[PDB]
């Protein structure tokens, strides 16, 4: 296995600001733990963050959120990115759509994505879908992901994306 960690939407507006929830806050400790081990082990860490324009397709659905330029779209300080970490702006749910995520994964010979962040129903899941199409294996760190609407999310990942589910305190590296 050669994995990269993809950290989805761990940004101020969903953790600290206007759309903050406790489910979201609960992810921060575990996320820092997962991020830290990947770094200490030299493997790629990639942040993929909403950085929306007013006319992005999904703005009609949600209204303005995690806008480009506004501090809402910035990664929370708790897991501030370091030198060597990749930071990507995205305009749709999936971390792959309109981004160079796939490039970075291919350039570092990656065959497995480890997914954490916000959230199990929308962006994490959508990123997972695209990973599958592109023949990556998928791992999700349950305690580092927050649900929104679906309580059967874990089941969906496993049954539909063949994902294996782990906890932050586990590490196959």
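Numbering follows the first chain given and starts at 1.
Peer 1: Between 72-80 and 99-107, which has the higher average C-alpha B-factor in the PDB entry?
Peer 2: Result: 72-80.
Peer 1: Would you determine, from the values in the PDB entry, which of 119-127 and 61-69 has the greater average C-alpha temperature factor?
Peer 2: Looking at the record's C-alpha B-factors, the answer is 61-69.
Peer 1: Checking the entry, which one of 140, 132, 48, 146 has the top C-alpha B factor?
Peer 2: Top of the list by C-alpha B-factor: 146.
Peer 1: Determine, from the deposited record, the chain-internal third of the Cα B-factor for residue 38: lowest, middle or highest.
Peer 2: Residue 38: CA B-factor falls in the highest third of its chain.
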